[PDB]
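> What follows is the file work.cif, containing mmCIF, C-alpha atoms and all ligand atoms:
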```cif
data_target
#
loop_
_atom_site.label_atom_id
_atom_site.label_comp_id
_atom_site.auth_asym_id
_atom_site.auth_seq_id
_atom_site.Cartn_x
_atom_site.Cartn_y
_atom_site.Cartn_z
CA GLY A 1 100.77 -89.07 -30.86
CA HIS A 2 100.83 -88.60 -34.62
CA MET A 3 97.06 -88.40 -35.21
CA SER A 4 94.93 -85.27 -35.22
CA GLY A 5 91.43 -84.50 -33.98
CA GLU A 6 89.44 -83.26 -31.00
CA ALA A 7 90.34 -86.35 -29.01
CA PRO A 8 94.13 -86.23 -29.33
CA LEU A 9 94.16 -82.46 -28.99
CA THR A 10 92.29 -82.46 -25.73
CA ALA A 11 94.37 -85.38 -24.38
CA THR A 12 97.53 -83.38 -25.20
CA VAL A 13 96.47 -79.96 -23.87
CA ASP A 14 94.89 -81.23 -20.64
CA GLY A 15 97.77 -83.67 -20.22
CA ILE A 16 100.39 -80.91 -20.54
CA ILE A 17 98.62 -78.13 -18.70
CA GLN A 18 97.06 -79.90 -15.72
CA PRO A 19 100.34 -81.21 -14.27
CA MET A 20 101.96 -77.83 -14.75
CA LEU A 21 99.26 -76.00 -12.83
CA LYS A 22 99.83 -78.40 -9.90
CA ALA A 23 103.61 -78.17 -10.08
CA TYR A 24 103.67 -74.38 -9.91
CA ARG A 25 100.46 -73.86 -7.89
CA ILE A 26 98.98 -71.72 -10.64
CA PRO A 27 95.52 -70.62 -9.52
CA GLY A 28 94.06 -70.23 -12.98
CA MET A 29 94.97 -70.39 -16.66
CA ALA A 30 93.20 -69.60 -19.92
CA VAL A 31 94.58 -71.40 -23.00
CA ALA A 32 93.54 -70.97 -26.60
CA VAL A 33 94.97 -72.57 -29.72
CA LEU A 34 94.66 -72.47 -33.46
CA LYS A 35 94.82 -75.59 -35.61
CA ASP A 36 94.31 -75.18 -39.35
CA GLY A 37 93.22 -71.70 -38.43
CA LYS A 38 90.36 -72.93 -36.20
CA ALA A 39 90.18 -72.06 -32.48
CA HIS A 40 89.91 -74.32 -29.41
CA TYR A 41 89.67 -73.04 -25.81
CA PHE A 42 90.67 -74.63 -22.49
CA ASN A 43 90.14 -72.96 -19.12
CA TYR A 44 91.44 -74.12 -15.77
CA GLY A 45 91.12 -73.03 -12.17
CA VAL A 46 90.21 -69.69 -10.69
CA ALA A 47 90.61 -65.99 -11.50
CA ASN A 48 90.13 -65.00 -7.88
CA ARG A 49 91.22 -67.49 -5.20
CA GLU A 50 89.10 -65.97 -2.41
CA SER A 51 85.83 -65.86 -4.36
CA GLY A 52 86.49 -68.99 -6.45
CA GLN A 53 85.41 -67.20 -9.63
CA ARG A 54 86.37 -69.58 -12.48
CA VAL A 55 88.68 -68.62 -15.29
CA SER A 56 87.07 -68.34 -18.71
CA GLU A 57 88.19 -67.04 -22.07
CA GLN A 58 86.80 -63.65 -20.85
CA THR A 59 88.90 -63.45 -17.72
CA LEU A 60 91.29 -60.50 -17.94
CA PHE A 61 94.94 -61.29 -17.25
CA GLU A 62 97.90 -58.92 -17.22
CA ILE A 63 100.10 -59.93 -20.11
CA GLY A 64 103.23 -57.95 -19.14
CA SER A 65 105.74 -57.72 -21.92
CA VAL A 66 103.29 -59.29 -24.40
CA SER A 67 101.78 -55.76 -24.29
CA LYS A 68 104.87 -54.64 -26.20
CA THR A 69 103.57 -56.51 -29.30
CA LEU A 70 100.53 -54.19 -29.24
CA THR A 71 102.74 -51.15 -28.53
CA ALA A 72 104.90 -52.15 -31.50
CA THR A 73 101.83 -52.57 -33.72
CA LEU A 74 100.64 -49.07 -32.74
CA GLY A 75 104.13 -47.71 -33.52
CA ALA A 76 104.08 -49.46 -36.90
CA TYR A 77 100.64 -48.01 -37.62
CA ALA A 78 101.90 -44.52 -36.91
CA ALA A 79 104.85 -45.08 -39.25
CA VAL A 80 102.47 -46.31 -42.00
CA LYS A 81 100.34 -43.18 -41.47
CA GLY A 82 103.41 -41.00 -41.94
CA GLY A 83 104.11 -39.88 -38.38
CA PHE A 84 107.75 -41.04 -38.60
CA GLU A 85 110.13 -43.25 -40.50
CA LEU A 86 112.06 -46.09 -38.83
CA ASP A 87 115.47 -44.69 -39.86
CA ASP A 88 114.62 -41.27 -38.39
CA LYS A 89 116.71 -40.12 -35.41
CA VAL A 90 114.72 -40.23 -32.22
CA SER A 91 115.30 -36.52 -31.60
CA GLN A 92 113.65 -35.70 -34.93
CA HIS A 93 110.45 -36.68 -33.07
CA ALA A 94 111.21 -35.19 -29.63
CA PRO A 95 112.49 -31.61 -29.66
CA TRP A 96 113.41 -31.95 -26.00
CA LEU A 97 115.90 -34.68 -27.00
CA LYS A 98 117.88 -32.50 -29.49
CA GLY A 99 121.43 -32.24 -28.22
CA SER A 100 121.22 -35.55 -26.40
CA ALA A 101 122.45 -39.02 -27.16
CA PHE A 102 119.14 -39.57 -28.98
CA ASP A 103 120.51 -37.51 -31.85
CA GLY A 104 122.42 -40.72 -32.67
CA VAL A 105 119.70 -43.38 -32.16
CA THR A 106 117.05 -44.34 -34.75
CA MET A 107 113.37 -45.01 -34.07
CA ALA A 108 114.00 -48.62 -35.20
CA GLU A 109 116.85 -49.04 -32.69
CA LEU A 110 114.70 -47.72 -29.90
CA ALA A 111 111.86 -50.15 -30.85
CA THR A 112 114.26 -53.16 -31.06
CA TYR A 113 116.27 -52.56 -27.89
CA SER A 114 119.45 -51.70 -29.68
CA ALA A 115 119.85 -48.01 -28.77
CA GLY A 116 122.91 -48.75 -26.63
CA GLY A 117 122.07 -50.23 -23.20
CA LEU A 118 118.92 -48.54 -21.96
CA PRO A 119 118.13 -50.65 -18.89
CA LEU A 120 115.39 -53.24 -18.24
CA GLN A 121 113.49 -50.81 -16.00
CA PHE A 122 113.57 -47.10 -15.24
CA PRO A 123 115.59 -46.29 -12.14
CA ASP A 124 113.26 -46.21 -9.13
CA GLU A 125 113.03 -42.41 -8.74
CA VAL A 126 112.35 -41.75 -12.41
CA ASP A 127 108.67 -41.68 -11.47
CA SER A 128 107.13 -38.61 -13.15
CA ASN A 129 107.04 -37.21 -16.72
CA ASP A 130 109.38 -34.36 -15.86
CA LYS A 131 111.85 -36.78 -14.32
CA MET A 132 111.46 -39.02 -17.34
CA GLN A 133 112.45 -36.26 -19.73
CA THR A 134 115.47 -35.39 -17.62
CA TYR A 135 116.37 -39.09 -17.56
CA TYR A 136 116.49 -39.46 -21.35
CA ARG A 137 118.11 -36.05 -21.92
CA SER A 138 120.93 -37.00 -19.56
CA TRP A 139 121.35 -40.62 -20.62
CA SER A 140 124.80 -41.84 -21.50
CA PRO A 141 125.07 -44.79 -23.93
CA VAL A 142 126.68 -47.98 -22.65
CA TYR A 143 127.23 -49.40 -26.15
CA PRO A 144 127.32 -47.87 -29.66
CA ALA A 145 123.91 -47.68 -31.30
CA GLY A 146 122.77 -50.78 -33.14
CA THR A 147 125.43 -53.10 -31.76
CA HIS A 148 123.85 -54.61 -28.64
CA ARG A 149 120.40 -55.80 -27.65
CA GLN A 150 119.32 -55.09 -24.11
CA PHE A 151 115.59 -55.69 -23.43
CA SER A 152 114.27 -52.46 -21.99
CA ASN A 153 111.05 -50.79 -20.87
CA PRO A 154 112.51 -47.29 -21.32
CA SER A 155 113.48 -48.19 -24.90
CA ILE A 156 110.20 -49.63 -26.27
CA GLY A 157 108.25 -47.32 -23.95
CA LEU A 158 109.71 -44.20 -25.50
CA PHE A 159 109.14 -45.69 -28.97
CA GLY A 160 105.41 -46.13 -28.30
CA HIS A 161 105.14 -42.73 -26.62
CA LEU A 162 106.80 -40.84 -29.48
CA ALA A 163 104.98 -42.86 -32.14
CA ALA A 164 101.66 -41.82 -30.62
CA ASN A 165 102.85 -38.23 -30.26
CA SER A 166 103.77 -38.20 -33.97
CA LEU A 167 100.01 -38.50 -34.71
CA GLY A 168 99.08 -35.89 -32.10
CA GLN A 169 97.35 -38.11 -29.60
CA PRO A 170 98.28 -39.72 -26.32
CA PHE A 171 99.29 -43.39 -26.53
CA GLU A 172 96.35 -44.68 -24.42
CA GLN A 173 93.87 -42.82 -26.55
CA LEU A 174 95.33 -44.03 -29.83
CA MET A 175 95.33 -47.60 -28.46
CA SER A 176 91.81 -47.56 -27.11
CA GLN A 177 90.01 -45.41 -29.73
CA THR A 178 91.80 -46.61 -32.88
CA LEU A 179 94.13 -49.64 -32.68
CA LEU A 180 92.00 -51.91 -30.54
CA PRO A 181 88.68 -51.20 -32.28
CA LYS A 182 90.22 -51.67 -35.72
CA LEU A 183 91.68 -55.00 -34.59
CA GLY A 184 88.24 -55.91 -33.17
CA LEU A 185 89.64 -56.33 -29.64
CA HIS A 186 86.63 -55.14 -27.63
CA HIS A 187 87.57 -56.66 -24.27
CA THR A 188 91.18 -55.53 -24.15
CA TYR A 189 92.27 -52.61 -22.00
CA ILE A 190 95.05 -50.48 -20.59
CA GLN A 191 92.68 -48.98 -18.04
CA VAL A 192 90.07 -51.57 -17.21
CA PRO A 193 86.61 -49.84 -17.08
CA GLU A 194 84.42 -50.33 -14.03
CA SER A 195 82.02 -52.38 -16.17
CA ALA A 196 84.77 -54.96 -16.89
CA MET A 197 86.35 -55.11 -13.42
CA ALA A 198 84.38 -58.22 -12.44
CA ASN A 199 86.33 -60.12 -15.15
CA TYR A 200 89.77 -58.92 -14.03
CA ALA A 201 91.65 -61.73 -12.32
CA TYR A 202 93.88 -61.12 -9.37
CA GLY A 203 97.49 -62.00 -9.78
CA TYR A 204 99.22 -64.07 -7.07
CA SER A 205 102.70 -62.85 -6.22
CA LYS A 206 105.80 -64.87 -5.39
CA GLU A 207 104.74 -64.41 -1.70
CA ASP A 208 101.29 -65.81 -2.61
CA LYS A 209 99.29 -62.66 -2.10
CA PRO A 210 96.89 -60.90 -4.43
CA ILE A 211 98.44 -58.32 -6.66
CA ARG A 212 97.87 -56.28 -9.75
CA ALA A 213 100.07 -53.94 -11.79
CA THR A 214 100.32 -50.30 -10.78
CA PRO A 215 100.72 -47.08 -12.77
CA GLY A 216 104.25 -46.16 -13.73
CA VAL A 217 106.25 -44.09 -16.18
CA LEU A 218 105.43 -45.47 -19.62
CA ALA A 219 103.57 -48.37 -18.02
CA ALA A 220 100.92 -48.24 -20.68
CA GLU A 221 103.49 -48.76 -23.43
CA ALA A 222 105.65 -51.27 -21.63
CA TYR A 223 103.13 -53.50 -19.78
CA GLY A 224 99.73 -51.86 -19.98
CA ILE A 225 97.46 -54.55 -21.40
CA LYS A 226 94.86 -56.64 -19.66
CA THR A 227 93.08 -59.15 -21.91
CA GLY A 228 91.60 -62.61 -22.09
CA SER A 229 92.47 -65.60 -24.17
CA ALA A 230 89.75 -65.02 -26.73
CA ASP A 231 90.77 -61.41 -27.49
CA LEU A 232 94.46 -62.27 -27.50
CA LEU A 233 93.85 -65.13 -29.90
CA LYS A 234 91.97 -62.67 -32.17
CA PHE A 235 95.11 -60.48 -32.19
CA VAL A 236 97.10 -63.59 -33.11
CA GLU A 237 94.67 -64.34 -35.89
CA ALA A 238 95.24 -60.81 -37.28
CA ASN A 239 98.97 -61.76 -37.35
CA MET A 240 98.27 -65.05 -39.13
CA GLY A 241 96.59 -63.36 -42.03
CA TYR A 242 94.75 -60.07 -41.89
CA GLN A 243 92.46 -58.78 -44.55
CA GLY A 244 90.97 -55.35 -44.31
CA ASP A 245 92.29 -51.93 -43.47
CA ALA A 246 95.38 -51.60 -45.70
CA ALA A 247 97.15 -49.46 -43.11
CA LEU A 248 96.61 -51.96 -40.33
CA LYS A 249 97.66 -54.80 -42.63
CA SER A 250 100.90 -52.96 -43.43
CA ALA A 251 101.47 -52.24 -39.77
CA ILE A 252 101.04 -55.87 -38.78
CA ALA A 253 103.40 -56.84 -41.62
CA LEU A 254 105.95 -54.42 -40.30
CA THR A 255 105.96 -56.25 -36.93
CA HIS A 256 107.12 -59.34 -38.87
CA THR A 257 110.27 -57.55 -40.11
CA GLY A 258 113.56 -58.67 -38.63
CA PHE A 259 116.19 -56.11 -37.64
CA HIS A 260 118.96 -58.19 -36.04
CA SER A 261 119.43 -61.59 -34.35
CA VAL A 262 120.87 -62.96 -31.10
CA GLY A 263 121.70 -66.56 -31.76
CA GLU A 264 118.66 -68.25 -33.33
CA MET A 265 116.24 -65.45 -32.22
CA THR A 266 115.43 -62.60 -34.64
CA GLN A 267 114.17 -59.36 -33.19
CA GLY A 268 111.26 -57.63 -34.83
CA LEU A 269 108.89 -54.88 -33.69
CA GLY A 270 107.38 -56.49 -30.63
CA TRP A 271 107.55 -60.08 -31.90
CA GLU A 272 110.66 -62.21 -31.58
CA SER A 273 110.94 -65.05 -34.16
CA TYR A 274 112.55 -68.34 -34.96
CA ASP A 275 112.79 -70.78 -37.79
CA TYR A 276 109.92 -73.25 -38.02
CA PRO A 277 110.05 -76.14 -37.18
CA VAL A 278 112.19 -75.16 -34.21
CA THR A 279 113.56 -77.41 -31.46
CA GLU A 280 112.55 -77.08 -27.84
CA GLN A 281 116.20 -76.47 -26.91
CA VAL A 282 116.46 -73.48 -29.26
CA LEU A 283 113.20 -71.99 -28.13
CA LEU A 284 114.26 -72.33 -24.50
CA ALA A 285 117.64 -70.74 -25.16
CA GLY A 286 116.15 -67.80 -27.04
CA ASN A 287 113.81 -67.14 -24.13
CA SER A 288 116.39 -67.69 -21.40
CA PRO A 289 117.66 -64.86 -19.19
CA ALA A 290 121.06 -64.83 -20.83
CA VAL A 291 119.64 -64.08 -24.23
CA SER A 292 116.33 -62.51 -23.61
CA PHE A 293 117.02 -60.19 -20.70
CA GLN A 294 120.82 -59.47 -20.53
CA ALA A 295 123.05 -57.50 -23.00
CA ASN A 296 124.17 -59.38 -26.12
CA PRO A 297 126.03 -58.27 -29.20
CA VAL A 298 123.74 -58.62 -32.19
CA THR A 299 124.15 -60.07 -35.62
CA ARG A 300 123.20 -56.99 -37.63
CA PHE A 301 121.09 -57.41 -40.78
CA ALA A 302 122.31 -55.56 -43.87
CA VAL A 303 118.76 -54.18 -44.19
CA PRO A 304 115.65 -55.07 -42.24
CA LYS A 305 113.92 -58.06 -43.74
CA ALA A 306 110.35 -59.37 -43.86
CA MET A 307 110.68 -62.71 -42.07
CA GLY A 308 107.59 -64.24 -43.72
CA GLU A 309 105.15 -66.95 -42.83
CA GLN A 310 107.48 -69.87 -42.18
CA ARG A 311 108.50 -68.64 -38.72
CA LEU A 312 107.55 -69.15 -35.14
CA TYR A 313 106.71 -65.67 -33.73
CA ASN A 314 106.54 -65.43 -29.97
CA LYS A 315 106.58 -63.29 -26.85
CA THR A 316 106.76 -63.95 -23.17
CA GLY A 317 105.44 -61.55 -20.53
CA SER A 318 105.11 -61.30 -16.84
CA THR A 319 104.05 -58.98 -14.03
CA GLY A 320 104.28 -59.45 -10.35
CA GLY A 321 101.27 -61.77 -10.28
CA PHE A 322 100.86 -62.96 -13.89
CA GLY A 323 102.65 -65.04 -16.51
CA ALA A 324 101.77 -65.09 -20.18
CA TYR A 325 103.10 -66.69 -23.42
CA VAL A 326 102.01 -66.47 -27.01
CA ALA A 327 103.46 -68.21 -30.16
CA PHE A 328 102.17 -68.65 -33.67
CA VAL A 329 103.25 -69.94 -37.07
CA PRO A 330 101.38 -68.18 -39.90
CA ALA A 331 102.23 -70.68 -42.69
CA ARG A 332 101.09 -73.63 -40.64
CA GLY A 333 97.88 -72.23 -39.23
CA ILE A 334 98.88 -73.00 -35.64
CA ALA A 335 99.13 -70.86 -32.49
CA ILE A 336 98.99 -70.93 -28.73
CA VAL A 337 98.02 -68.41 -26.04
CA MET A 338 98.57 -69.26 -22.39
CA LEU A 339 97.55 -66.69 -19.74
CA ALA A 340 98.01 -67.35 -16.04
CA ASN A 341 97.62 -65.49 -12.76
CA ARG A 342 101.00 -66.56 -11.42
CA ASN A 343 104.40 -65.47 -12.72
CA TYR A 344 105.68 -69.04 -13.17
CA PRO A 345 108.90 -70.04 -14.95
CA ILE A 346 109.31 -69.16 -18.61
CA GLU A 347 111.03 -72.51 -19.13
CA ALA A 348 107.77 -74.26 -18.13
CA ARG A 349 105.78 -71.98 -20.45
CA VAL A 350 108.03 -72.80 -23.37
CA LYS A 351 108.13 -76.55 -22.80
CA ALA A 352 104.37 -76.75 -22.54
CA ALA A 353 103.84 -74.53 -25.59
CA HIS A 354 106.30 -76.52 -27.67
CA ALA A 355 104.59 -79.81 -26.81
CA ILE A 356 101.18 -78.43 -27.69
CA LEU A 357 102.41 -76.80 -30.90
CA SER A 358 103.84 -80.17 -31.93
CA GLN A 359 100.35 -81.74 -31.60
CA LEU A 360 98.75 -78.81 -33.45
CA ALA A 361 101.21 -79.39 -36.27
CA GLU A 362 99.98 -82.99 -36.82
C1 LIG A 401 107.97 -57.95 -19.72
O1 LIG A 401 107.41 -59.09 -19.08
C2 LIG A 401 109.05 -57.45 -18.73
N1 LIG A 401 108.23 -56.91 -17.63
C3 LIG A 401 107.19 -56.10 -17.78
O2 LIG A 401 106.88 -55.62 -18.85
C4 LIG A 401 106.33 -55.85 -16.53
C5 LIG A 401 107.16 -55.61 -15.28
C6 LIG A 401 107.66 -56.50 -14.33
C7 LIG A 401 108.40 -55.84 -13.33
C8 LIG A 401 108.46 -54.47 -13.55
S1 LIG A 401 107.61 -53.94 -14.98
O3 LIG A 401 109.69 -56.34 -19.40
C9 LIG A 401 110.65 -55.49 -18.75
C10 LIG A 401 110.05 -58.49 -18.07
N2 LIG A 401 110.39 -57.68 -16.91
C11 LIG A 401 111.42 -58.20 -16.36
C12 LIG A 401 111.88 -57.70 -15.04
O4 LIG A 401 111.50 -58.29 -14.00
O5 LIG A 401 112.66 -56.72 -14.98
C13 LIG A 401 112.28 -59.32 -16.93
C14 LIG A 401 113.44 -59.62 -16.33
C15 LIG A 401 111.85 -60.08 -18.17
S2 LIG A 401 111.23 -58.85 -19.29
NA NA A 402 103.01 -42.07 -23.17
ZN ZN A 403 104.01 -86.67 -36.04
ZN ZN A 404 88.42 -78.31 -30.06
ZN ZN A 405 109.07 -40.57 -6.26
ZN ZN A 406 106.22 -36.77 -24.54
ZN ZN A 407 85.18 -52.07 -28.94
ZN ZN A 408 104.24 -61.58 -41.78
#
```
Before we go any further, please render this structure as C-alpha cells.


Amino acid sequence: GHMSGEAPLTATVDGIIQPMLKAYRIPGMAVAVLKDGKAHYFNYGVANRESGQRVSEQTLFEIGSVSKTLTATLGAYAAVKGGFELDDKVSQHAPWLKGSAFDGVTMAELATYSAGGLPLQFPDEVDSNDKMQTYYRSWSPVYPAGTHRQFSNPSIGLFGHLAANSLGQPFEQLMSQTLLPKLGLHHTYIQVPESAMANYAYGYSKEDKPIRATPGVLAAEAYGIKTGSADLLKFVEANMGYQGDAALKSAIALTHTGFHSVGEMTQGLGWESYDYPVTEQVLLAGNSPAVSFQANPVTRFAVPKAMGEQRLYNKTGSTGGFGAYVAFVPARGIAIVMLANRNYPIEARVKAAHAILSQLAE
C-alpha cells in the first residue's frame, strides 16, 4: 500500500510479523520502528514459554552479533579519546603480541574482519585468558592482511578488548560505566543484574529447550549484550542523528565509515551498509552465508570513507536461542529492530524487515 499512517503501518507490521511467528514457531518477538524519526512498538508472544510472561519493549533478548555494533562503538570512542589510531599495528597495543603475526595487522583490519582469516569462533579449547594469549601469539595468517573478509569473533573480540585496554579499563566496565550511560541505554547489559533478571527472556534452542548464552573468551565483546526493543531503538536513534557529547558523536560517525566491500555490502566498524533504496535480493545476498560468514576477497577502498546518511546500515545476530535484526536509514528517518527468542532464519528476518521498511518509506 502506498499510503502512510497508523492504520497502514499496523496492517503491514502485524501482517508481516504474525505469519512469520507461526511459520517458525517463534515464542516471542519485540519489534520497534522509526518513521519520520518517530517510534512505534509491536510486541508478540511470550518471553518465557513455561510462565507465559508476555514480551514487551522491556523484555531482554540476547542480540548476538548485533552486540558487535556496540563493541565497535566503544572501540571508536577509545580511538577518539586517543587510546589508539586505526592504522596502528595491533602489537603496538599489546606488548605480548610483539613478534607475532599481529605486527603486520592494523587495528582497523582487526575490527573489520580483514586481518587474514581469523576464524568465526575460537577453537573449543581456547577457553581461558592464558590460552587466548597463546592462541593469538601463535596464529598463522591464512590470507595476507587486508585482502579477505572472514567474519570472526576472535577478530572483533580482540579489537574491543585492546581498545578498552588502551584506556586502562576492562571492556565490561567501560561499556557499563561509560558507553551505555552516555548513550542513555539504562536497561542494556552484558551481565544482567539480579534486579533485571525477571525481564530476561529465555531463548528456545533448535531442540526447543530453554537456553541462554554462557561465558566465554571475549564473549562480552563478541556477543555480550542483552537488551530490549526500546533500548536498542534508542541506540539506533543515536545512529540516525546524535547531538551531544562531541566524542560520542565522533565515535558513532566513525562506525559509519566504510573500509572495504564484498559485493554490494560495505563493511564498517560494527555496521554493514548498503545503498538506499536497496532491493530485497541484494539485502538477502549480503546477509547470506556465502557473503556474510565465509571468506571473500574484498574490494579495498583507497582510503576509508564516511558512507553518509543515504545508506541502509544493518546487522544480524544470533545465539543458540535468540535471533535479532536491526536496520536503519539515517537520511530517511526510518528504522527497524526485531528481537526474538528463537534463532530463526536470517532470510526470514531480512524479507520481513525489507517489507516493513518499504511501508515506513511511504
Ligand atoms: C553473531 O551472531 C555470530 N554469533 C555470535 O556472536 C554468538 C554465537 C553463536 C554461536 C557461538 S557464539 O558471530 C560469530 C554468528 N555466529 C555464527 C556461528 O554460529 O558461528 C554465524 C555463523 C553467523 S555470525
Ligand atoms: Na576483554
Ligand atoms: Zn509507494
Ligand atoms: Zn504507531
Ligand atoms: Zn577447557
Ligand atoms: Zn588483555
Ligand atoms: Zn543507567
Ligand atoms: Zn553517519

> Got a sec to check which residues lie within 10 Å of ligand ZN 408 (chain A), using all atoms listed in the file, and send them as an NGL selection string?

:A and (239-242 or 249-257 or 306-311 or 313 or 329-331)

> Pull C-alpha atoms from the residues just selected and write them as a PDB file, in the frame of the given file.


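Saved to again-v1.pdb:
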```
ATOM      1  CA  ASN A 239      98.970 -61.760 -37.350  1.00  0.00           C
ATOM      2  CA  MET A 240      98.270 -65.050 -39.130  1.00  0.00           C
ATOM      3  CA  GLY A 241      96.590 -63.360 -42.030  1.00  0.00           C
ATOM      4  CA  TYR A 242      94.750 -60.070 -41.890  1.00  0.00           C
ATOM      5  CA  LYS A 249      97.660 -54.800 -42.630  1.00  0.00           C
ATOM      6  CA  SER A 250     100.900 -52.960 -43.430  1.00  0.00           C
ATOM      7  CA  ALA A 251     101.470 -52.240 -39.770  1.00  0.00           C
ATOM      8  CA  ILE A 252     101.040 -55.870 -38.780  1.00  0.00           C
ATOM      9  CA  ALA A 253     103.400 -56.840 -41.620  1.00  0.00           C
ATOM     10  CA  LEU A 254     105.950 -54.420 -40.300  1.00  0.00           C
ATOM     11  CA  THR A 255     105.960 -56.250 -36.930  1.00  0.00           C
ATOM     12  CA  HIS A 256     107.120 -59.340 -38.870  1.00  0.00           C
ATOM     13  CA  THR A 257     110.270 -57.550 -40.110  1.00  0.00           C
ATOM     14  CA  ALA A 306     110.350 -59.370 -43.860  1.00  0.00           C
ATOM     15  CA  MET A 307     110.680 -62.710 -42.070  1.00  0.00           C
ATOM     16  CA  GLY A 308     107.590 -64.240 -43.720  1.00  0.00           C
ATOM     17  CA  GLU A 309     105.150 -66.950 -42.830  1.00  0.00           C
ATOM     18  CA  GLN A 310     107.480 -69.870 -42.180  1.00  0.00           C
ATOM     19  CA  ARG A 311     108.500 -68.640 -38.720  1.00  0.00           C
ATOM     20  CA  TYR A 313     106.710 -65.670 -33.730  1.00  0.00           C
ATOM     21  CA  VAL A 329     103.250 -69.940 -37.070  1.00  0.00           C
ATOM     22  CA  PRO A 330     101.380 -68.180 -39.900  1.00  0.00           C
ATOM     23  CA  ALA A 331     102.230 -70.680 -42.690  1.00  0.00           C
TER      24      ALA A 331
END
```

> Which residues of chain A come within 10 Å of ligand ZN 406 (chain A), and what is each one's closest atom pair and distance in Å (one decimal), counting all atoms listed in the file, sorted by chain and residue number, as CSV?


```
residue,atom,partner,partner_atom,distance
A:93,CA,A:ZN406,ZN,9.5
A:94,CA,A:ZN406,ZN,7.3
A:95,CA,A:ZN406,ZN,9.6
A:96,CA,A:ZN406,ZN,8.8
A:129,CA,A:ZN406,ZN,7.9
A:130,CA,A:ZN406,ZN,9.5
A:132,CA,A:ZN406,ZN,9.2
A:133,CA,A:ZN406,ZN,7.9
A:158,CA,A:ZN406,ZN,8.3
A:161,CA,A:ZN406,ZN,6.4
A:162,CA,A:ZN406,ZN,6.4
A:163,CA,A:ZN406,ZN,9.8
A:164,CA,A:ZN406,ZN,9.1
A:165,CA,A:ZN406,ZN,6.8
A:166,CA,A:ZN406,ZN,9.8
A:170,CA,A:ZN406,ZN,8.7
A:171,CA,A:ZN406,ZN,9.8
```

> Take the selection from the previous step and output its residues with C-alpha atoms, as a CSV table (one decimal), in the coordinates of the input.


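To be explicit, this is the file written out as again22.csv:
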```csv
chain,number,residue,atom,x,y,z
A,93,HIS,CA,110.4,-36.7,-33.1
A,94,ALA,CA,111.2,-35.2,-29.6
A,95,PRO,CA,112.5,-31.6,-29.7
A,96,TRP,CA,113.4,-32.0,-26.0
A,129,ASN,CA,107.0,-37.2,-16.7
A,130,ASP,CA,109.4,-34.4,-15.9
A,132,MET,CA,111.5,-39.0,-17.3
A,133,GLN,CA,112.4,-36.3,-19.7
A,158,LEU,CA,109.7,-44.2,-25.5
A,161,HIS,CA,105.1,-42.7,-26.6
A,162,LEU,CA,106.8,-40.8,-29.5
A,163,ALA,CA,105.0,-42.9,-32.1
A,164,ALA,CA,101.7,-41.8,-30.6
A,165,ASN,CA,102.8,-38.2,-30.3
A,166,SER,CA,103.8,-38.2,-34.0
A,170,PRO,CA,98.3,-39.7,-26.3
A,171,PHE,CA,99.3,-43.4,-26.5
```

> Residues within 8 Å of ligand ZN 403 (chain A) should be enumerated using all atoms listed in the file and returned as a list in words.

residues 1, 2, 3, 358, 359, 361 and 362 of chain A

> Compile the contact shell of range 196-200 of chain A as a VMD selection string: residues with an atom at most 12 Å away, counting all atoms listed in the file, same-chain residues fewer than 3 positions apart removed.

chain A and resid 46 to 48 51 53 to 62 186 to 193 203 211 to 213 225 to 228 322 340 to 341

> Given a cut-off of 8 Å, what residues near ligand LIG 401 (chain A) show up using all atoms listed in the file, put as a ChimeraX atom specification?

/A:63-68,120-121,151-153,219,222-223,289,292-293,316-320

> Please put the answer as AutoDock Vina command-line options: centre and edge lengths, in Å with one decimal, of a box along x, y and z that encloses all listed atoms of range 153-156 of chain A plus 8 Å on each side.


```
--center_x 111.8 --center_y -49.0 --center_z -23.6 --size_x 19.3 --size_y 19.5 --size_z 21.4
```

> Using all atoms listed in the file, what table do you get, as a Markdown table, when you list each residue of chain A with an atom no more than 10 Å from ligand ZN 404 (chain A), its nearest pair of atoms, and their distance in Å rounded to one decimal, rows by chain then rising number?


```
| residue | atom | partner | partner_atom | distance |
| --- | --- | --- | --- | --- |
| A:5 | CA | A:ZN404 | ZN | 7.9 |
| A:6 | CA | A:ZN404 | ZN | 5.1 |
| A:7 | CA | A:ZN404 | ZN | 8.3 |
| A:8 | CA | A:ZN404 | ZN | 9.8 |
| A:9 | CA | A:ZN404 | ZN | 7.2 |
| A:10 | CA | A:ZN404 | ZN | 7.1 |
| A:32 | CA | A:ZN404 | ZN | 9.6 |
| A:33 | CA | A:ZN404 | ZN | 8.7 |
| A:34 | CA | A:ZN404 | ZN | 9.2 |
| A:35 | CA | A:ZN404 | ZN | 8.9 |
| A:38 | CA | A:ZN404 | ZN | 8.4 |
| A:39 | CA | A:ZN404 | ZN | 6.9 |
| A:40 | CA | A:ZN404 | ZN | 4.3 |
| A:41 | CA | A:ZN404 | ZN | 6.9 |
| A:42 | CA | A:ZN404 | ZN | 8.7 |
```

> What lies within 7 Å of residue 315 in chain A using all atoms listed in the file, ignoring chain neighbours under 5 positions off, as a list in words?

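Counting all atoms listed in the file, the residues come to residues 66, 271, 272, 325, 326 and 327 of chain A.
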
> Just want the 8 Å neighbourhood of residue 275 in chain A, counted on all atoms listed in the file, with same-chain residues fewer than 2 positions away dropped. Output as a ChimeraX atom specification.

/A:264,273,277-278,310-312

> Could you give me, as JSON lines, a per-residue list for chain A showing, wherever an atom lies at most 9 Å from an atom of ligand ZN 407 (chain A), the closest pair of atoms and their distance in Å to one decimal, using all atoms listed in the file and sorting by chain then residue number from low to high?


```
{"residue": "A:176", "atom": "CA", "partner": "A:ZN407", "partner_atom": "ZN", "distance": 8.2}
{"residue": "A:177", "atom": "CA", "partner": "A:ZN407", "partner_atom": "ZN", "distance": 8.3}
{"residue": "A:180", "atom": "CA", "partner": "A:ZN407", "partner_atom": "ZN", "distance": 7.0}
{"residue": "A:181", "atom": "CA", "partner": "A:ZN407", "partner_atom": "ZN", "distance": 4.9}
{"residue": "A:182", "atom": "CA", "partner": "A:ZN407", "partner_atom": "ZN", "distance": 8.5}
{"residue": "A:184", "atom": "CA", "partner": "A:ZN407", "partner_atom": "ZN", "distance": 6.5}
{"residue": "A:185", "atom": "CA", "partner": "A:ZN407", "partner_atom": "ZN", "distance": 6.2}
{"residue": "A:186", "atom": "CA", "partner": "A:ZN407", "partner_atom": "ZN", "distance": 3.6}
{"residue": "A:187", "atom": "CA", "partner": "A:ZN407", "partner_atom": "ZN", "distance": 7.0}
{"residue": "A:188", "atom": "CA", "partner": "A:ZN407", "partner_atom": "ZN", "distance": 8.4}
```
